[PDB]
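Trainee: please work out how this folds:
(chains A and B, ligands or ions: 2)
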Amino acid sequence: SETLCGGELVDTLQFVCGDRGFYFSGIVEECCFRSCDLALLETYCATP
Amino acid sequence: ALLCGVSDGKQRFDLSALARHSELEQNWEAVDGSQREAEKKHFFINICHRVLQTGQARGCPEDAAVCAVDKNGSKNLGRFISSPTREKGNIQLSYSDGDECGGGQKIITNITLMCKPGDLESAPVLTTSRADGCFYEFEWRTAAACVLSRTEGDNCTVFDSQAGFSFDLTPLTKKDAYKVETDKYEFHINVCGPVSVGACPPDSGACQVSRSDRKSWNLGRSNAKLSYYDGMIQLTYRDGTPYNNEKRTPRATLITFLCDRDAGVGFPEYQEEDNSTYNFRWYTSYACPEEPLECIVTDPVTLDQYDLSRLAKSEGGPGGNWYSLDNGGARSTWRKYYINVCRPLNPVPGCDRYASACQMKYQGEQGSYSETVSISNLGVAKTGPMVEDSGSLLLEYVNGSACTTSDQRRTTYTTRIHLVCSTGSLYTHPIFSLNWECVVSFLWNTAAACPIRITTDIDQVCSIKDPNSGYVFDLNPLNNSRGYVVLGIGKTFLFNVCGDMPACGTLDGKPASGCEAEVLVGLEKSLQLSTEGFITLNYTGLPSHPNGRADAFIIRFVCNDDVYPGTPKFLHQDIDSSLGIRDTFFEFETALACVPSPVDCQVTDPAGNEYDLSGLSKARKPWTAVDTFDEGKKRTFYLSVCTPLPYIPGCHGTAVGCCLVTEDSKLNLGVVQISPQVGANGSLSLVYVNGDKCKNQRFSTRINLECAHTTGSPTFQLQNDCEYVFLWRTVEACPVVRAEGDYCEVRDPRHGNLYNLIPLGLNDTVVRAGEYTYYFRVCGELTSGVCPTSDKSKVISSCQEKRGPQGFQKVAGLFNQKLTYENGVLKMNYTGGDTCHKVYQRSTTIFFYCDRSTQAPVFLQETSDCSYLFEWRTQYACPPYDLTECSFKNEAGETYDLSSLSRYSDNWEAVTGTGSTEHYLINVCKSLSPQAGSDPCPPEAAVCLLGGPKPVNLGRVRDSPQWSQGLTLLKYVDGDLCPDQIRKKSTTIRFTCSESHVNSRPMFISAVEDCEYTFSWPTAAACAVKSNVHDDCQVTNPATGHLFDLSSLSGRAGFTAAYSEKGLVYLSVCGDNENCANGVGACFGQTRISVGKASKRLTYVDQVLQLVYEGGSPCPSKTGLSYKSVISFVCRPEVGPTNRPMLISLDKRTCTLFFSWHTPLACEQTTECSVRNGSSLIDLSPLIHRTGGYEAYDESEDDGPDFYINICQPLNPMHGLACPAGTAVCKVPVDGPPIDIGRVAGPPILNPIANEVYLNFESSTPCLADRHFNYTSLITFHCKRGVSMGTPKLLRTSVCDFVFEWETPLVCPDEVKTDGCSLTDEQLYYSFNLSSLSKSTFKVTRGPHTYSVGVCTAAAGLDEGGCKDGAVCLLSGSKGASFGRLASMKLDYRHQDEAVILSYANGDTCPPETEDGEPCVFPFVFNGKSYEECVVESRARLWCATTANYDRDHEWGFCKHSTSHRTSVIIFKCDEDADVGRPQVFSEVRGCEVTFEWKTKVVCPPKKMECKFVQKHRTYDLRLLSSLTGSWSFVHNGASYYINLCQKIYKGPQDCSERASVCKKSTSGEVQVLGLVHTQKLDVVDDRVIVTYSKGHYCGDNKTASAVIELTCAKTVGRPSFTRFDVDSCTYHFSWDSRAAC
Ligand SMILES: *[C@@H]1O[C@H](CO)[C@@H](O)[C@H](O)[C@H]1NC(C)=O
Ligand SMILES: *[C@@H]1O[C@H](CO)[C@@H](O)[C@H](O)[C@H]1NC(C)=O
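Mentor: Numbering: from 1, shown residues only, chains lettered A, B, ... in the order given. Ligands and ions are numbered 1, 2, ... in the order given. Shown next is the protein structure:
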């Protein structure tokens, strides 16, 4: 019923893939409005 | 003319000194020479009204004040009959008709004035034309006309608010000097600061020294009074040194600044000196006003404006910008990020001008000190808001300072700043995200960034703009359709505002306001505002005074909040028949007119029944109402009360009150102004307005609230004339009642009791919660803590605090000695602490609920009034128990106790049937917690029915009587009179097992109105045993009765698990951590996010502890889940530094944070994997991989890291491979997780037949045949020598039995002692037994280390004793490892050197390296402590450190462990001085292959020699032909042949060396000595006797000489001589005949 963006998105993002770095190519259109899962938060993180 | 000076609303500009008014010189030669062909360099422009006639300006056509001259003649481009105008931030001259165009366009020449203060030379250029020579646009950079006259300045700022061109110079200062070069005098100056050289009086600000004569003169003291001039930056100094003058003229000085676009800070320049007023012009980029890049971006795909206007921090800003922090790791790589939006910075010391985002770091910050230094400076404010996906706004700067991007070409830093939109308006900083390949990201949370409707340019007379933030309001809701009746002291006037009136509407112009004011004349409308107590509208009428204004009155409109659409209220009227104007002057106001906000909406009635609806405002989940609609998709109404929603994409507006969302279109329905009806027999209704659509019948929402007994959710009533009415019934709409008291006591809660709180206020209370910390005391006079820092006599009651950066203690409200019982809650108001952002006074408010004595409070959310909220659940505020123990713990399997299912705050109204007219309030053994909702059930009752008829009792509590072990075990005596009017309601409760983390209520089943009800709860709480074996963090092994205890590490201190470079995870065993919130075992980085709650039910599975936390933070997954964590413990059979909990992986299936760890606490079994073989102890201790596993490889396939092998421990964990904990052997598949193919079973078993050692593993997985779980795998071992300690390899595959083969030199058995320690060789044919050198432990010491060596002898001896089987031990450091096993001794001979090599093999591991291969310096210090081996702390894998102090240098690369074990090599050197010498220290190649030397005779000695030989049993004796002193000589061809057999030389010649066999004395060639008798080999052919003599001269390519001699049988000893010799074979022949040869 509820979502994550604000202070709670700037940390989970650098949690789920941590030390690879990442992008917004973007996240904030989905996880502010629709309820994302922890699959989508993987695929918006930078592939090595 | 004099129309050439323009003044704006507050300031003025004049073009005065720029124009050559009647001074008769050359005019402005407004040309640069780039392209000119007719050399039409005319452009003679006086600004006001002149042309001055001279060379190329004589014969100008005047009365135009503009020349157009050429080779072809003279023209007029423009006249001056206009006035200069204002463009965006500029002054523009629209000039008039000069001469005609070719098409008669009447040529117009525009001139633009951009101001650049400190411009004496100013020549404009024609940059742009119309391309066709009849529209000439000019750009002029002048000193003139952008500002008013001078103003004095502050400390070093010229800070003026009205003119708004507010410079600053403060980065120009320098504590060193500024050095000026004339011939014989330098000039020494630091602006706004003291002179910093010793030759000068340091009271000065500037002084010049005579560099020819070294004489100081004060050119004035330092000064801070900045003096803006009109077009100039004047700075001047104090009196200083006089010369000779009778007026004693002191040397003052004057400094001027000229703007430049790209100079920077520049050098000061000696201008001149005229009469001791010293002149210094300067080019400083800081002296120049920048332009704001316009920040309004339109919408390409739809029509919606945006706004980034008010976010630019314009002024008050010396480091007063938006700033954003980063905490991360410890006292290094901290950054504080400065950034500003849409314009360059309020200048910060040592960043830049024309930069937007300064990186700026901490230095010696500890103790309220030293904010900044500057490191890296980037960005240019270039682009502006590039809009994105309908709510989110990307924003980019470019052109920063240089960097590298993974060895790519050098590019700039690049700020991106994402602006997602939200509703929480004031005081939201950016939140730092990233520093990743020179793209510094940020993330903003909130502005009013997102919702700007274009407004579709509605221009209704009822509609007026508000340019403060950006708004238009509408009074169309005052289309009041039966008219209004105004009060009037003359007579009642009648009024509507716009578009309504029939009752006075039959006149010319269709009047909506012109009524009789008798017992009249039409009035039209035009209107205006100034937003300052002022929202007005005129009423223009027809019967005007001649050449004057008609009857036109004003209505001032201000804002009330808590009132209806309103009532016009008649401020004074006054008739004036003398003057033609006549104004009624009626002025009222309503709520519905002004800026919408969060309305604080506690409100009341005249009838004294106070209300509150703010019990509903705190909803993070936005409310929803249910609907009825047609066969298509059902609509969806969102709805809130008194507080707007979070940015639903596609319903725009400012206050989104109610956003009607279907699939297709998004209708904004409402805004936020509350006025419930309170006078009726009915109740509340609250109204939302301004849909601003629907054919001038605008949308509105009025949700209607009546009181219900239960919680509810709204619904859709009907819809008419495109407004709505809903319905919504919940508890809150019942009239609430509260009472007031004093000195922390209250009274009369409708129960007749008192409320003491001063026991809680006895000592201090610290709520160590989040980023803040609150020291406060209950019932005031807070004195203790680190905050009594104040001087004023007012009392401290509460004051918050920070950590290091600007750590402040601003005091909250003062002690006011009050509390109030408000609807079952106790709360205090603490008003009046010091100031917030704007005006706001910090108030604190402390709540109380009554509970079971849990007196640790916690702070809740921050309100908009800068207030702080607090919450306790104490044991004080609830008087009337009827309590029982409500249990039977006498027998087990009985559902023994029901303690935790009681409730005291509010109570269970059951999960009833759909369509219950009744409300079943019941809790298990407590008598009705008093709900504050409505006329209550009397609290003596425990089972009660509300809904429909009266509160009636259904029974009273009694301690549990059961009927069975299982069921029907609570019963309620003495409910009310039944239809029999005999017995009272006797009601029973049943309970049943399930598993439900949030169970249901007792489900209401039966109803027989004659005194009997039953209730059966499907519970989770029925079946368990309270004597779970410990229920603290200690567990007992079911197998052998061993006790596992863990409470030696149950700290509140916590621990650190690393998941990044810049983020930690906090962790505390069987107890709550102190950093994160209470009820949290583990929590994340920046905001404290729970993973699971701390439980102590430590289970046990398979030599592993599996502690489980559950019920943590809400997970983002498709199904509603939480995080959970399994801290899985492993036996570590030592204590090392690496025993800290490493986060091992995340699982994305159900949100599971996995956790490995280690300890020695957890192994019951003493780990030994070393077994006996008759007399020989064998061991496999050094073959344990200690840091990771080993990998058994991909086999029998291609294009695939397939097995993980660990012999007698479990394997060391490794980030990102979730092989579940305590695994010996792990198969990594190509899909899904890896699999437990065995755990470590027991000691190595033998095979008594073959003597090749097995070891086995049992599993806890089923086979692929489902055959009786017990998955097996066993490893073999194979004795075979070599250096490598070897790998596993998989050979044989059964369906569920894997067999790993292994080659290792360890299982090789120790033979009987040796053959000997003796270099027995086939070639030199005589050995060197070093049994003599088997003595004792040597001590060779060289460099920073010592050594301990021993040959054919181990020495775990005098120093450490633990170098087990160590032949070469490093005694240096602490516990230096072994180099080579004494069984693995491989004695060797080196041929060309003729020296003995002693090699050892397979000791411990060569020390580890970085990933980059730059080796480590392993006696080092981290955090004061010293360590040897690669530590895990604050990074997720092992890492060494490549400096002596990680606190100093910050160099590290990850500890990638080698498989190359250590080894050693010893050399021995022939030295005649001593038989046994000393070993020496040669080399450490990456510090493992350490090699040793010797100075010996023991390996050399040919002294005791037998040169006798037997072949085929045919013996000889040759002791006769030897010559022990002297040798027989024969000298042919000039060569002297001195030789005798199996001897040294004896009384030999000059210059032939020691132990010489043959030394030839040559004539022209060098003396060579060839042949030796220790490698001498004698043999007899059929006829000849042969011998060899090696180690002579270098013949060819590693070739030597050999005297192979012929011994034919003869009768008498002869002499040999030389037959032939070649160069290919380098062989010598000798034809000897002797008697003693055969
Ligand atoms: C509105 O009324 C005021 C005062 O009566 C007057 O100064 C002003 O000129 C009027 N405005 C118009 C547009 O008639
Ligand atoms: C120990 O094992 C080796 C390996 O084959 C074997 O040769 C030796 O005889 C064993 N020791 C005894 C005492 O049997």
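
Trainee: middle-most residue in chain A, spatially?
Mentor: The centroid of chain A falls nearest to residue A:41 when counting by CA atoms, centre = their mean (4.0 Å).

Trainee: might you report the residue contacts of the one residue in chain A that gets nearest to chain B?
Mentor: Chain B sits closest to residue A:21 of chain A, with a gap of 3.9 Å, by CB to the nearest CB. Backbone N, C-alpha and C define where each C-beta goes, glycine included. Taking CB atoms under 8 Å, 6 or more residues apart in numbering or on different chains as the criterion, residue A:21 is in contact with A:45, A:46, B:434, B:436, B:437.

Trainee: repeat that for residue B:1465.
Mentor: Counting by CB under 8 Å, 6+ apart, residue B:1465 touches B:1397, B:1398, B:1399, B:1400, B:1489, B:1491, B:1492.

Trainee: roughly how far apart are residue B:327 and chain A?
Mentor: Going from residue B:327 to chain A by CB to the nearest CB, to the nearest Å gives 12 Å.

Trainee: hmm, residue B:99 and residue B:109 touching each other?
Mentor: No - Residue B:109 is beyond contact range of residue B:99, at 11.2 Å (criterion: CB atoms under 8 Å).

Trainee: overlap in contacts, the two.
Mentor: Listed contacts common to residue B:109 and residue B:99 are residue B:77; contacts here mean CB under 8 Å, 6+ apart.

Trainee: pick out whichever of the two has more residues nearby.
Mentor: residue B:109 (24 against 17; other CB atoms under 10 Å in any protein chain shown).

Trainee: so who does that one touch?
Mentor: B:66, B:77, B:78, B:95, B:98, B:135, B:136, B:137, B:138 are the contacts of residue B:109 under CB under 8 Å, 6+ apart.

Trainee: ok, which stretches of the chain are helices?
Mentor: I went with chain A, as the question did not name one. Remark: helices assigned in chain A by DSSP state H are A:9-16, A:40-43.

Trainee: my bad, the chain I had in mind was chain B
Mentor: Under DSSP H, chain B gives helices at B:614-617.

Trainee: which residue does it have closest to ligand 2?
Mentor: Residue nearest to ligand 2 within chain B: residue B:1174 (2.4 Å; CB to the nearest ligand atom).

Trainee: now the helices of chain A in JSON lines, with distance to ligand 1?
Mentor: Below are the helices of chain A laid out as JSON lines (distance: least, CB to the nearest ligand atom, whole Å):
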{"stretch": "helix A:9-16", "distance to ligand 1": "52"}
{"stretch": "helix A:40-43", "distance to ligand 1": "58"}
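
Trainee: name the nearest residue to the residue nearest the centre of chain B, sequence neighbours excluded.
Mentor: Closest residue to the average C-alpha location of chain B: residue B:433 at 5.4 Å, with CA atoms, centre = their mean. Nearest residue to residue B:433, sequence neighbours excluded (CB to CB, 6 or more residues apart in numbering or on different chains): residue B:441, at 4.4 Å.

Trainee: now residue B:1347
Mentor: Nearest one to residue B:1347, counting by CB to CB, 6+ apart, is residue B:1340 at 4.7 Å.

Trainee: just to revisit the earlier point, can you give me every residue that contacts the residue nearest to the centre of chain A?
Mentor: By CB under 8 Å, 6+ apart, the neighbours of residue A:41 are A:12, A:13, A:16, A:27, A:31, B:1116.

Trainee: of those residues, just say which sits nearest to residue B:667.
Mentor: Using CB to CB, residue A:31 comes nearest to residue B:667 of these, at 25.8 Å.

Trainee: so who does the closest one touch?
Mentor: Listed by CB under 8 Å, 6+ apart, the contact set of residue A:31 reads A:3, A:4, A:5, A:9, A:40, A:41, B:1116.

Trainee: separation between the third one and ligand 2?
Mentor: Between residue A:5 and ligand 2 the distance is 68 Å, computed by CB to the nearest ligand atom, to the nearest Å.

Trainee: then the fourth one?
Mentor: Relative to ligand 2, residue A:9 is positioned 64 Å away (CB to the nearest ligand atom).

Trainee: isn't that residue right up against residue A:27?
Mentor: Yes - between residue A:9 and residue A:27 there is a contact under CB under 8 Å: 7.5 Å.

Trainee: burial of the closest residue to chain A within the stretch 1501-1638 of chain B, as a residue count?
Mentor: The minimum distance from the stretch 1501-1638 of chain B to chain A, using CB to the nearest CB, falls at residue B:1598 (52.4 Å). By the criterion of other CB under 10 Å, residue B:1598 has 8 neighbours.

Trainee: show me what contacts it?
Mentor: Contact partners of residue B:1598, counting by CB under 8 Å, 6+ apart, are residue B:1392.

Trainee: buried ones only from the contacts of residue A:31, please, as a PyMOL command.
Mentor: Buried members of those, defined by 16 or more other CB atoms under 10 Å in any protein chain shown, are picked up in PyMOL with:
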select buried, (chain A and resi 3+4+5+9+41) or (chain B and resi 1116)
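
Trainee: what's the neighbour count on residue B:1105?
Mentor: Burial of residue B:1105 is recorded as 23 neighbouring residues (other CB under 10 Å).

Trainee: what of residue B:1028?
Mentor: The number of residues near residue B:1028, taken as other CB under 10 Å, comes to 9.

Trainee: repeat that for residue B:1050.
Mentor: When counting by other CB under 10 Å, one arrives at 13 neighbours for residue B:1050.

Trainee: hang on, isn't it packed against residue B:1069?
Mentor: Yes - Residue B:1050 is within contact range of residue B:1069, at 5.2 Å (criterion: CB under 8 Å).

Trainee: quick one: residues contacting residue 33.
Mentor: Using chain A here. A:3, B:391, B:648, B:649.

Trainee: can you look at chain B instead?
Mentor: Applying CB under 8 Å, 6+ apart to residue B:33 gives the contacts residue B:41.

Trainee: same deal with residue B:537?
Mentor: B:497, B:525, B:526, B:527, B:528, B:554, B:555.

Trainee: which strand residues bridge it?
Mentor: residue B:527 (DSSP bridges).
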